[PDB]
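The structure appears right after this line, and notes come after that.
With ideal geometry, Cβ positions are generated from the backbone for all residues, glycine too; neighbour counts draw on all protein chains shown. Derivation of every value follows stated rules applied to the coordinates shown; laboratory data play no part.
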Amino acid sequence: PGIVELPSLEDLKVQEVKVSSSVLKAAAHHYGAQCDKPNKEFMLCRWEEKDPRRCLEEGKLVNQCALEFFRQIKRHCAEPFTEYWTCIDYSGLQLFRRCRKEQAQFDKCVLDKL
Amino acid sequence: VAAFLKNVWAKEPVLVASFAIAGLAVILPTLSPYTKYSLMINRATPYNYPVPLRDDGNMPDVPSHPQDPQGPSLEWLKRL
Amino acid sequence: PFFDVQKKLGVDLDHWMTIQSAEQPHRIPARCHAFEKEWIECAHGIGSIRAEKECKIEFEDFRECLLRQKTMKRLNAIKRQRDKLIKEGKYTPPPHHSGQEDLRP
Amino acid sequence: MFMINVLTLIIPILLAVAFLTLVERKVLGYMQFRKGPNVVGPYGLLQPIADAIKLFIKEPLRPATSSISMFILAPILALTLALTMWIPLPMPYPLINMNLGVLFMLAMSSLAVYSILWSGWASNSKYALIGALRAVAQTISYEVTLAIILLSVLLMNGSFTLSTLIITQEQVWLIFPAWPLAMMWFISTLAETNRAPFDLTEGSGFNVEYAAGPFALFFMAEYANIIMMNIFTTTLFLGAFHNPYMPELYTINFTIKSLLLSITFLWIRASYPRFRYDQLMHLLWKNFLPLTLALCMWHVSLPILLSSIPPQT
Amino acid sequence: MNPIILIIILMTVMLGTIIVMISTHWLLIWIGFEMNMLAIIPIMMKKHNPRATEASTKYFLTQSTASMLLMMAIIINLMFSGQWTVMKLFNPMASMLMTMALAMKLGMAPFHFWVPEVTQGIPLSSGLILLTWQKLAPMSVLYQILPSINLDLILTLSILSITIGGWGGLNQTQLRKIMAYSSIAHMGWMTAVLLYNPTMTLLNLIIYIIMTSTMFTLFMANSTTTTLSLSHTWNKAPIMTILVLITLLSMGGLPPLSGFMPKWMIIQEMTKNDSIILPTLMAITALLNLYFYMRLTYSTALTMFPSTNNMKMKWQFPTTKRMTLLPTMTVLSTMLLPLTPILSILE
Amino acid sequence: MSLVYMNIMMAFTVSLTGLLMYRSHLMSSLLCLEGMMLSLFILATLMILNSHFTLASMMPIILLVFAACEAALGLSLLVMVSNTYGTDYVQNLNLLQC
Amino acid sequence: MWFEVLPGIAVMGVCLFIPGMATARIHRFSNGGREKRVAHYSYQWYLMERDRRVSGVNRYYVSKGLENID
Amino acid sequence: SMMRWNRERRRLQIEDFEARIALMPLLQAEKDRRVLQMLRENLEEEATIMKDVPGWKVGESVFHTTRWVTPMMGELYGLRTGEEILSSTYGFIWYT
Amino acid sequence: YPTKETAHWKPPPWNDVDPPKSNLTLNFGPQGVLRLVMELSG
Amino acid sequence: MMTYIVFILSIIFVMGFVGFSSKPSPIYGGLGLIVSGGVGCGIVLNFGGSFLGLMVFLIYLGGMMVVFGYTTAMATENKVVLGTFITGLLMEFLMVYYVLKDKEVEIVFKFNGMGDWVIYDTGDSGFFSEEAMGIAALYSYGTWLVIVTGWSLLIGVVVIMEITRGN
Amino acid sequence: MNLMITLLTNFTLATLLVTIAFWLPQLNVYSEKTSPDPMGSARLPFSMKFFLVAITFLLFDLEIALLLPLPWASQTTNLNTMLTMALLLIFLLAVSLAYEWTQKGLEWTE
Ligand SMILES: CCCCCCCCCCCCCCCCCC(=O)OC[C@H](COP(=O)(O)OCCN)OC(=O)CCCCCCCCCCCCCCCCC
Ligand SMILES: CCCCCCCCCCCCCCCCCC(=O)OC[C@H](COP(=O)(O)OCCN)OC(=O)CCCCCCCCCCCCCCCCC
Ligand SMILES: CCCCCCCCCCCCCCCCCC(=O)OC[C@H](COP(=O)(O)OCCN)OC(=O)CCCCCCCCCCCCCCCCC
Ligand SMILES: CCCCCCCCCCCCCCCCCC(=O)OC[C@H](COP(=O)(O)OCCN)OC(=O)CCCCCCCCCCCCCCCCC
């Protein structure tokens, strides 16, 4: 039959979000609030096209807005967010309920400064 | 109904307790004001991704951002 | 005979476990959901005699999604040719096919 | 490194089984107004070592067995299932943190009757076969109420995971919503392990045609199952406070509660006469099983009428 | 047996057959067969003698082997089609295994080797259930999978069933082995016309069930299990000899009787499809069935075998058996050939 | 197709030919029948897990329950045969030849 | 008197204390001074494999924070 | 007590699931780039291997459709070594 | 039609019932002391 | 070698089936079926069917083979056995030798020669086992299935108490 | 993989202690003794009642096997149907027990 049509390796290069899963889960609700629109354009395009080849540019915009989000956390609230994701990172199941005061400090610093 | 039940509670207390617990388990979920909240929680636990809708132009009851006031909320679950 | 009581009464006794494309718990799709949905929507209502010779390509795609005979045959072919070229020495694998390159994300 | 973890699990199991015999003989000594062993060691501490070295140098009894292969494979399966029940146990961290640890323990404890059945086959006697079939019928009878009591408790857990059963029991012990299931569970674990007042094998046994070495092997498999069922009951009903920065608090706490529960086994065999065989069959099928089905219906319908269906995760 | 328990068990047999009929899922077909066997085992063990336990054991082994072959056919259908609809099968190997499994449940030759033993060991009511009601479920499944049934396999099974059920009943003097080899031959007739026009399969099924229920009801009303005890019936009640005369002449395929109807419509529908040697061989083979039917009529109705003295006491007592639908079934099994285009109601 | 399906189908045919060729007993025939059931269980489980057809995950449990009830029925038949003849040999079950 | 059962109870309690303390110390030793990552569900395993890929040195328990982005 | 605590546990479960839902589009974009990276690698190495074979077309889809088919495990980890294969095909199942 | 093969077949009984064609004894030996010779019925 | 673990367990499964299907004795037949049940359960466990595997160990080997051994213990108490054993064993090793030197065989259907790791899915199922949720849907979806299975087991109880009575 | 190594280690230690317990007193000769039980020479009587309790276990174990997904079935969206069918399965287990009871099935091993 036909030849499957794959994008080249230059087409897939992007600046990755090179952080851990506990760093992602710690900043997750602020991410889902602040990175709403490109994430939802990407998942709408992903369930409508039903093909990752037709969604690469929306995926790059997701991978761009995520890095913008973590740049804006890093400029103003590096130390309280680090104190928070270390406490999330200790646990095996990565509980939120073990880490309420560090979350309260991070939420206070983010609500004030950002 | 009063002397038979005392007679069987004297003879066979295990089976009387068994039928009483089973009868409570049968009838009591229909008499409870909290049976609705179990359903309301189980249909509000997000296992899958809430796949967004294409904004056709006429949807006043679907939000555009999760923090928007319109849409289903879980105020009742935070409070109870 | 097939006394279709479930349609005469309109009750779903066992229509739900019948196919993979039916309503699943927590919307979990099967691995060949789209292939089976396309075969069913192709061959619906036209009877089996027309369905076996007019939806031949959709059913061949769905059987090939299920058993993956052509895919595993192709990978047998590629791995056999590659082992011949490695044994004759006429080819060497790149470092991303030996595990030396710090995978993508 | 993981082999170090397997060894530091399964060697202190054997040492605790060894000194359980000393604890048992001392505690049943003082409950019978006498002293336990205190001649051999300093207050008897060298008694299980002496008993082990005696039982491993005694003559093989040598029956001309019907099956030599099952005469070998019954103690192998007895010790193997005796040691593999311990690997999913969270205390506070389990060795093999499996998603279905409760059902795994129920399955591997259901498999433990083949040691009894094969050790009745391997002996040539008809009466040992009859006694082995009576013991198998007893154990498979009480496995039913193990399963249903276990399910009725796990409806308050949400899953089959053993480590979630600590998270379930943070605000209160799970004996407070489920004390009838707790007391029937305790008698059911007491009647699984052929323990008094359910030890009709002590009242001729099934495995008397083994050597004293393999007698010690069945004996230590039985006591490993006793300490295991008590630790599993402590995890299941009397679960303790878990601080993730000091695991030793949960380890001290479940160890103290499990020692008190194993001593409760020792204090129950020293107080009651044996049931007759049809009386423990009566106790199961006509006393525990109606209550177990009734409380199973109650524990199905109770998180629905209280809006307290526990989480899956 | 306790009558409440017997009613519950018969409702479970009927429920298993209905679950095979009305369901669209292969697992529910298999559940219906399992429930049907599980409930029919006590009906054979109603008298509690070692012949009935031997018959129930042989029946259990054959129907369980057929159930496992049926589930393997279902599983290969799931391999090669990914679905569970009870429709055509999507593999010739699965079609072969399901035709073999249904042939074992029908007791068609060369899997026929259980039917006279199991039929002989059990009473006449359970034998009636075995030879009528247990045919309804596998013939329904064969009616549903006929777009995938192999032609040569089902025709080999059909002619081999007809010939072995012909030669088996000749040597028999027991009535129940005669009815069992009658069953093998008539299932051969029913499955021969299955791929051509299965309405004639349903017609042969219904007319066979009417004739077999007539013969077992006559055998129950006379309490006869051998030829030589059937032969005393003229000295007890000659109307029963008349009814077994006309019904055994019916079952062999003599006109104007309605047992000529199924095989004549089968011969009629196999000549449309350019098979002429095969229905002729089938018809010529059915003369053996008619031969041992004629032997039973010679021993019962057309002659008078000598009876004993104790028949003089049974002269004085009326038959208090509930001969349920025996005149209705005997009328429907003899005088129905003037209503032969009634077969369109089965289409 | 897959390589493991060869082994599981061959396992079913091996236990089939064990069931279809009696040696001495009826209990060995019941064990062959339940080996057939076991191979059917493993094969159905591999297909249902491999396709991610989620609703058929309840199907092997129904298979195991029904055929274990079937096995209990067969064990009861063997017990009645053994009470009649002392043993469970199949050559004792030959009274229906005539 | 009665307090002589307590040496045997003490030895048995230490022998039951050893495996839980040992598996806690081994899980903290082999995971960078932390608890073992629990992966009961495939999403937990996907995040754990993602940690192992983003860590660079092929260990899921090497965390990379905001020092790894620009 | 179990009523209050299981209701609190359901609230914690919803918080963790919504943390997952907030993370899911980034993980989906990275997973899609991951699988397209691996398929492009297999295509390029199939091009540099399958030059000796007559009549072979590289990247030839076995399906007759132009729809994207979700790639098989052997279609991704076919040309890679056994450690990566085992880590991806029994990593979750054999994990403790 | 009696051949050489089917020559030893006698007809079955008239009520389909064949004839049936015990209990355990335990000698509890001396192994105070007392030898009991039981006869049990299950 | 380790990529063929499901194949190795399937070979042990077939070897156990030739072991007890050659029928040395019902005792050793039950032993071979218990070893086969464990290794086929391992086959199920290596595809992620953890709950179905524990259904095997709890129900099959825990109830049913216990009852088969319990009945073999009280209702029963060579050259052909070992010859048929090495017949089935050499035929199975001929099949494995063919499919490993050839990477393609066809006894009845065509079979691959690689490992069956290749046929998996590369995704994740989130916070649920798909097999566990499919079994959990036996109550909400499978209502008719539960009705007929409970009725079949109740009828099974009634049937066993009828036919095992002697009267 | 950790689980298979753990099973292998447990089986190996069990087999090691069995090998020691069988072959450590084989150093001890002690004799070649001849050594020629309640019953003398009677064959094993069958007891119907042990078989009845074995089949009762097997059928109630199958009903338990149907009951085992209840901690997961509690999480469903269709709770009325789930609660009805859960109570129906436990009630069918109780009906099976009551029929086992009243027809004297639980007698002399009650
Ligand atoms: C609808 C809810 C579900 C109901 C069904 C399920 C019950 C759940 C528990 C499972 C029980 C399983 C076993 C049930 C068997 C019942 C029959 C029985 O045991 O009868 C015998 C018994 C007398 O015993 P006997 O015959 O001497 O036998 C030797 C033992 N002594 O006879 C008796 O002891 C008499 C028993 C009948 C009278 C019991 C009355 C109890 C009343 C309690 C208060 C009201 C509760 C409301 C619901 C009532 C439902 C009946
Ligand atoms: C987590 C904790 C686990 C603990 C497990 C063990 C519990 C028990 C611990 C030991 C208890 C007390 C041991 C000492 C008992 C008495 C020994 C003794 O004094 O023996 C004297 C004996 C004869 O002396 P002799 O010189 O002949 O006499 C003339 C003297 N003027 O001379 C001899 O007998 C020779 C010397 C023998 C010494 C034996 C010591 C005991 C060994 C027990 C095995 C376990 C050891 C610990 C293992 C775990 C730690 C690694
Ligand atoms: C008479 C014979 C000889 C007798 C003595 C020796 C045998 C008896 C004692 C050992 C019994 C072995 C039982 C092995 C299977 C136990 C079930 C099991 O593995 O369950 C645990 C787990 C399921 O939990 P889950 O959390 O889902 O898995 C991790 C992914 N999240 O599953 C996993 O984690 C899956 C891990 C990979 C698959 C493991 C498969 C193990 C090998 C199969 C059994 C081999 C032995 C066969 C014979 C056994 C006895 C019948
Ligand atoms: C496409 C088709 C779909 C399905 C349509 C319907 C199919 C009908 C299939 C008929 C199957 C009949 C099975 C046997 C009878 C069923 C009832 C029963 O169990 O009767 C047995 C009962 C036992 O009484 P008992 O006292 O134990 O007798 C022996 C000891 N004295 O009582 C007796 O023994 C009483 C004696 C007389 C029994 C006569 C029963 C006649 C039944 C058939 C009626 C005619 C057929 C219906 C029309 C054609 C349908 C195909």
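Counting other C-beta atoms within 10 Å, which of F:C32, C:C65 has the fewest, and how do the rest follow?
Numbers: F:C32 27, C:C65 24.
So the residues, fewest neighbours to most, are C:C65, F:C32.
Could you pull out every one of the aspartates and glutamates with an alpha carbon less than 14 Å from that of C:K37, ignoring same-chain neighbours closer than 8 positions?
C:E23, C:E58, C:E60, C:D61
Based solely on its DSSP helices, what 222 nm [θ] is calculated for chain C when runs of n ≥ 4 H residues each add -39,500 (n - 2.57) and the sum is averaged over all residues, nearest 500 deg cm²/dmol? Spell out each step's value before the answer.
On the way: 5 runs with 53 residues, N = 105.
Mean residue ellipticity, 222 nm, calculated: -15000 deg cm²/dmol.
Roughly how many whole Å is it from the C-alpha centroid of segment D:116-163 to that of segment J:68-116?
Cα centroid to Cα centroid, the span is 33 Å.
Express in whole angstrom the spacing between the alpha-carbon centres of segment F:70-86 and segment D:224-299.
Centre-to-centre distance over Cα atoms comes out at 38 Å.
Could you sort the peptides E:203-210, E:89-96, I:10-17 by per-residue average Cβ neighbour count (10 Å cutoff), highest mean leading?
Numbers: E:203-210: 22.8, E:89-96: 18.9, I:10-17: 11.9.
Listed from highest to lowest mean packing, they are E:203-210, E:89-96, I:10-17.
Using Cα positions and a limit of under 21 Å, work out the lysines in reach of E:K272, with same-chain residues fewer than 8 apart set aside.
Straight-line reach from E:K272, under 21 Å: E:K263.
Can you tell which of H:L27, J:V108, D:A212 lies farthest toward the positive end of the dipole of the protein assembly as shown, using +1 and -1 charges on the Cβ of basic and acidic side chains (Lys, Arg; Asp, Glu)?
It is D:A212, whose Cα lies furthest towards the positive end.
In whole angstrom, note down how far apart the Cα centers of segment E:194-249 and segment A:46-114 are.
84 Å
Once you mark the trypsin sites (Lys or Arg not before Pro) that are in a DSSP loop and have at most 14 other Cβ atoms within 10 Å, what is the longest gap between them in chain H? Could you put the intermediate results ahead of the total?
Working: sites that count: H:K51, H:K57, H:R67.
The segment H:1-50 is the longest one with no such site.
Neighbour counts of other C-beta atoms within 10 Å: give me A:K74, A:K101 arranged from fewest to most.
Working: A:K74 16, A:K101 10.
By the 10 Å Cβ count, ascending: A:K101, A:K74.
Report relative contact order for chain G in percent, whole number only (criteria: Cα-Cα under 8 Å, sequence separation at least 6).
15 percent
Using modelled backbone amide H atoms (1.01 Å from N, in-plane), which distant-in-sequence or interchain residues come within less than 5 Å of E:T226's amide H?
Amide H neighbours of E:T226, under 5 Å, 5+ apart: E:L175.
In peptide D:60-66, how many Cβ atoms from other protein chains are near each Cβ within 10 Å, on average?
Values: counts 8, 1, 2, 1, 1, 0, 2.
Partner Cβ neighbours, averaged per residue: 2.
Specify which residue in the list H:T48, C:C32, F:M47 is farthest towards the positive end of the charge dipole of the protein assembly as shown, using unit charges on the beta carbon of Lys, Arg (+1) and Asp, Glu (-1), about the Cα centre.
F:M47
Contact order normalised by length for chain E, with contacts defined as Cα pairs under 8 Å and 6 or more residues apart; what percent is it? Please report the intermediate quantities before stating the final value.
Details: 498 pairs, mean separation 51.8, N = 347.
In percent, rounded to a whole number, it is 15.
Would you please put F:78-85, E:38-45 in order of how densely packed they are, using the mean number of other Cβ atoms within 10 angstrom per residue and starting with the highest? Write down the numbers at each step before the final one.
Values: F:78-85: 20.6, E:38-45: 24.8.
Packing proxy ranking, top to bottom: E:38-45, F:78-85.
Would you compute, from DSSP H runs of 4+ residues alone, the mean residue ellipticity of chain D at 222 nm, taking -39500 (n - 2.57) per run and dividing by the full residue count, rounded to the nearest 500?
Here the helix-only value at 222 nm equals -20500 deg cm²/dmol.
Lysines near J:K103 by alpha-carbon distance under 21 Å, same-chain residues fewer than 8 away left out - which ones?
The reachable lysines, counting only those whose Cα sits under 21 Å from J:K103, are C:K70, C:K73, C:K79, C:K84, C:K87.
Based solely on its DSSP helices, what 222 nm [θ] is calculated for chain J when runs of n ≥ 4 H residues each add -39,500 (n - 2.57) and the sum is averaged over all residues, nearest 500 deg cm²/dmol?
On the way: 7 runs with 110 residues, N = 167.
Value at 222 nm, helices only, nearest 500: -22000 deg cm²/dmol.
Which order do C:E54, D:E170 fall in if you start with the one that has the fewest other Cβ atoms within 10 Å? Walk me through the numbers on the way to the answer.
Working: C:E54 12, D:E170 15.
So the ranking, lowest neighbour count to highest, is C:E54, D:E170.
Please compute the average number of Cβ atoms from other chains found within 10 Å of each residue's Cβ in peptide B:70-77.
On the way: counts 0, 0, 0, 0, 2, 0, 0, 5.
For peptide B:70-77, the averaged partner shielding equals 1.
Add +1 for every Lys or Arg and -1 for every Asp or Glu among the other residues with Cβ under 15 Å from the Cβ of K:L79, and state the total.
Working: positive: B:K36, B:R43, H:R10; negative: none.
Surrounding charge for K:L79 is +3.
Beyond a 19 Å Cα-Cα separation, which of these cross-linked pairs lie in this structure: E:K177/I:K21; A:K18/G:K64; A:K37/G:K64? Kindly include the intermediate steps, with their values, before the conclusion.
Working: E:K177/I:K21 26 Å; A:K18/G:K64 7 Å; A:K37/G:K64 27 Å.
Too far apart for the 19 Å limit: E:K177/I:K21; A:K37/G:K64.
Of E:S231, E:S56, E:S223, which has the largest mean-square fluctuation in a 10 Å C-alpha GNM of chain E?
Highest fluctuation of the listed residues: E:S223.
Hey, if you put +1 on the Cβ of every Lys and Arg and -1 on every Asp and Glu Cβ in segment C:24-105, which of C:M72, C:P105, C:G89 ends up farthest toward the positive end of that dipole?
C:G89
Rank by packing, highest mean first: peptides H:22-28, C:95-101, with packing defined as the count of other Cβ atoms within 10 Å averaged across residues. Mind dumping the intermediate values first?
Details: H:22-28: 22.1, C:95-101: 12.9.
Highest-to-lowest ranking by the protection proxy: H:22-28, C:95-101.
Given contacts defined as C-alpha pairs under 8 Å and at least six residues apart, what's the relative contact order of chain A, whole-number percent? If you can, show how the numbers build up before the last one.
Working: 67 pairs, mean separation 31.5, N = 114.
Dividing the mean separation by the residue count of chain A yields 28 percent.
What is the average number of partner chain Cβ atoms found within 10 Å of a Cβ in C:34-41?
Working: counts 6, 5, 5, 0, 2, 3, 2, 0.
That works out to 3 on average.
Which of the pairs J:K79/J:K101; A:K25/H:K31; B:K6/K:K104; E:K58/E:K105; D:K286/K:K104; E:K46/J:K23 have their Cα atoms more than 21 Å apart in this structure? Kindly include the intermediate steps, with their values, before the conclusion.
On the way: J:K79/J:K101 32 Å; A:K25/H:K31 17 Å; B:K6/K:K104 26 Å; E:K58/E:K105 12 Å; D:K286/K:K104 12 Å; E:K46/J:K23 33 Å.
From J:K79/J:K101; A:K25/H:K31; B:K6/K:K104; E:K58/E:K105; D:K286/K:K104; E:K46/J:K23, over 21 Å: J:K79/J:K101; B:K6/K:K104; E:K46/J:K23.
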